[PDB]
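Here the structure comes first, spelled out in structure tokens, and everything after it is commentary.
Nothing in this text is a laboratory measurement; each read-out follows from the coordinates by a stated rule. So basically every Cβ, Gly included, is an ideal-geometry build from the backbone, and we count neighbours across all protein chains shown.
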Amino acid sequence: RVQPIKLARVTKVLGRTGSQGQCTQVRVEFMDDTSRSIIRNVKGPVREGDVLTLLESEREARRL
Amino acid sequence: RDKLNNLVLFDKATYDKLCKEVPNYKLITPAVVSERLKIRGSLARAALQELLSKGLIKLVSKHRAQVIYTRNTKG
Amino acid sequence: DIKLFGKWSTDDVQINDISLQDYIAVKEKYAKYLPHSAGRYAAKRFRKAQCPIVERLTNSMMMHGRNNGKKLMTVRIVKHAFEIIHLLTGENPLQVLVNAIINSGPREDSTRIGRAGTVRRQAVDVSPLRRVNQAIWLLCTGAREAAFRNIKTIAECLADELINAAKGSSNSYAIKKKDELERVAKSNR
Amino acid sequence: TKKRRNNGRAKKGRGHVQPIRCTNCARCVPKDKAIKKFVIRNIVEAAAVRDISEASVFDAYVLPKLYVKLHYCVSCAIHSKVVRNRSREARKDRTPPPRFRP
RNA sequence: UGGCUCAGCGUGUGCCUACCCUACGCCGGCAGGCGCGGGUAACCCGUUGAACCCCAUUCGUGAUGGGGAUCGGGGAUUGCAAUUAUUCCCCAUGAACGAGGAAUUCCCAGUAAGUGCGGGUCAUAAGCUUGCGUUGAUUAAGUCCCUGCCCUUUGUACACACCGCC
Ligand SMILES: [Mg+2]
Ligand SMILES: [Mg+2]
Ligand SMILES: [Zn+2]
């Protein structure tokens, strides 16, 4: 009925966004399904290869 | 929440409360017993040093501002 | 093994989530006798990450004017508080702290610039580094605000702030402001 | 000054040109004056293809496209930033901009 | 409240031009006073024993032992001259003020901030200023959103140049 929290790992950094830099856009893949890979915008400092919490599957997806 | 007006010195109804339930819980400081028994806090330091001479309460820290005590091992 | 403050060997603690497994610094590599080091961690991005989190909490515990340089008072109150949580729970104070860090780290937030519905407009999830940074600040502020006009001290105020965060009872200001954030982020999806 | 010998339109031998409404602002424009777009978009997203191919009940089910013809007055065209001002010399060439294929 | 225990800048006796920085001993409760010197200075002040902090005491969430505003009395130095109080000390009253609206300043590591110490101003002197020192973080390694700047393109009826013109 509801989607529980899962984890996804950043693989590549796309660039800045939010017209201030407080949000960085990155490309992630899900450790649950490696073939499942989306693009997510995050806040705070992020490097390549780290993993971050996710409370929902798909919110936003676009290209700069 | 206008004043605390805690008793500066004990009476009969709080002297026995200090000596029957205060040395029963681990987290004991002059601060914590002040919000439990509604005592001033300078008196609490005097009472705690009384209970250390009576030997029913162990010491842990003994600092000029953060002096802490504890209960002896149970069982 | 390092016996921080003479006790509480750091080899026993753990981080329950892998997003934070490499973003907490109580590992045996970051096992230090004392939480005081002029190690110049913040001279570069992605370098405060390897700074021991106990050092980071110590730095973040001094705020609001009269206490910005005073670090010896901070390390000592940290030491008093860690024995307090070890006494009140019976287990490792670093495990009390680590549970507080994980449970108080806001998993998501929201930030926009234009006209907003209530506060923010679009929901953007935070980084694990931001998760640790915000959890440390929120725990520090909860202790700071709890010790302003009450007879209780910093060490005990920090104790209940860490404890209510570690277990979770909506008494910690570190989780209460976390959930207040999660509500706005979810509602502004 | 006569900015263009083109006079901003293709009307050379024609006396009158029928008008076409703008898509965005809904305004009559002369037909050869208006810049005409012919978008052939993916009927799905770029990232949605992976999810659609799983749900598709045909194995080699080709992806449909989106054949739309767009009409823009130069006011809406500049606002959409589909056309841009060029220098006095750069205004002369009529070749389409590069397609960004590779 | 008592004990512990640490700095670096930098300065000192005068052409005019009178006026140095002070060790030590004695008197006074203190502010100060009286003699014995030293230094024209890495030679004396000065191992510049500063403040913060460190460790213990009392205070105990009250407009309180926070706060020292206002004001009274008294005593000392400087100067011909202290009233409109030069300054300091002592005894007294103890005001507002319980973290500050709209708005807004500075800042990316020895930074901010706490914190005292030199120099200048000086017969008398700092809440200023210029420098020095002790303690030492948070977030950030980005953007052109608000505020501006630089290059190119463009339109202008602007050229005192958009605070323009009309
Ligand atoms: Mg024209
Ligand atoms: Mg005609
Ligand atoms: Zn249009």
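How crowded by other chains is C:80-91, given as the mean number of beta carbons from other chains within 10 Å of each beta carbon?
3
Before anything else, pin down the relative contact order of region D:1-99: Cα pairs under 8 Å, at least 6 apart, normalised by residue count, whole percent. Working shown, then result.
Numbers: 85 pairs, mean separation 26.6, N = 99.
Taking the mean separation of contacting Cα pairs over the length of region D:1-99, I get 27 percent.
Put +1 on the Cβ of each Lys and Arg and -1 on the Cβ of each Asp and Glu in chain C; which of C:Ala49, C:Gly90, C:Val124 then has its Cα farthest toward the positive end of the dipole?
C:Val124
Could you please rank D:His79, C:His36, placing first whichever residue has the fewest other Cβ atoms within 10 Å of its Cβ?
D:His79, C:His36
Less than 16 Å apart at the alpha-carbon level, and either on another chain or at least 8 residues along: which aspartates and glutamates does that give for B:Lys54?
B:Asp16, B:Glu21
Quick check for region C:39-175: number of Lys pairs with alpha-carbon distance under 29 Å, counting only pairs 8 or more apart or on different chains?
15
With the contact rule set at Cα under 8 Å and sequence spacing of 6 or more, what percent relative contact order holds for chain C?
Reported as a whole number, the value is 21 percent.
If you build the convex hull over the alpha carbons only and average its shadow over all orientations, what do you get for chain D? Give it in nm² to one decimal.
Value for chain D: 10.4 nm².
Note the count of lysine pairs whose C-alpha atoms are less than 12 angstrom apart in region D:1-96, limited to pairs 8 or more residues apart or on different chains. Write out the running numbers ahead of the final one.
On the way: D:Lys3/D:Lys92; D:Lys11/D:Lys31; D:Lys11/D:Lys33; D:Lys12/D:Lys33; D:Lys36/D:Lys69; D:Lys37/D:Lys69.
Taking the Cα cut-off of 12 Å, the pair count is 6.
Based on DSSP H runs of at least 4 residues, each adding -39500 (n - 2.57), what is the mean residue ellipticity at 222 nm of chain C after dividing by all its residues, to the nearest 500 deg cm²/dmol?
The helix contribution divided over chain C gives -15000 deg cm²/dmol.
Where nothing but the Cβ of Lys and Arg (+1) and of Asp and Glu (-1) is charged, how large is the charge dipole of chain C around its Cα centre, in debye to the nearest 20?
That gives a dipole near 1000 debye.
Pull up the cross-link candidates among the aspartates and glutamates for C:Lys3, meaning alpha carbon to alpha carbon under 14 Å and not fewer than 8 places away within one chain.
The reachable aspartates and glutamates, counting only those whose Cα sits under 14 Å from C:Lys3, are C:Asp11, C:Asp12, C:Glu28, C:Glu83.
Where the convex hull is taken over the Cα atoms of chain C, what is its projected area averaged over directions, in nm²? All intermediate terms of the calculation are to be shown ahead of the outcome.
Working: hull surface 47.3 nm².
The orientation-averaged projected area of the Cα hull of chain C comes to 11.8 nm².
Which whole-Hz couplings ³J(HN,Hα) result when phi for each residue of region C:34-46 is put into the Karplus expression 6.51 cos²θ - 1.76 cosθ + 1.60, θ = phi - 60°, listed in order with x for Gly and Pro?
Residue by residue, region C:34-46 yields 10, x, 8, 6, 8, x, 6, 6, 9, 7, 7, 5, 6 Hz.
For the protein assembly as shown, take every pair of Cα atoms, bin their distances at 20 Å starting from 0, and report each bin as a whole percent.
19, 38, 24, 13, 6, 1
I need the semi-axes of the equivalent ellipsoid of chain B: take the C-alpha gyration tensor, multiply each eigenvalue by 5, square-root it, list largest first in whole angstrom.
After scaling each eigenvalue by five and taking roots: 21, 14, 11 Å.
Roughly how big is the protein assembly as shown's charge dipole about its Cα centre, with Cβ charges of +1 (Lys, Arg) and -1 (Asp, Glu), in debye to the nearest 20?
Numbers: 89 positive and 40 negative charges, 822 e Å.
The dipole magnitude comes to about 3940 debye.
Report the one residue of D:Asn7, D:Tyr72, D:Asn42 whose Cα lies farthest in the direction of the positive end of the charge dipole of chain D (charges on C-beta: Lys and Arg +1, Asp and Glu -1; origin at the Cα centre).
Checking the options against the dipole of chain D, the answer is D:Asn7.
Once you charge only the Cβ atoms, +1 for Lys and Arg and -1 for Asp and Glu, what is the size of the charge dipole of chain D about its Cα centre, to the nearest 20 debye?
The dipole magnitude comes to about 1380 debye.
Could you state the number of Å between the C-alpha centres of region C:1-57 and chain B?
Going from one Cα centre to the other spans 35 Å.
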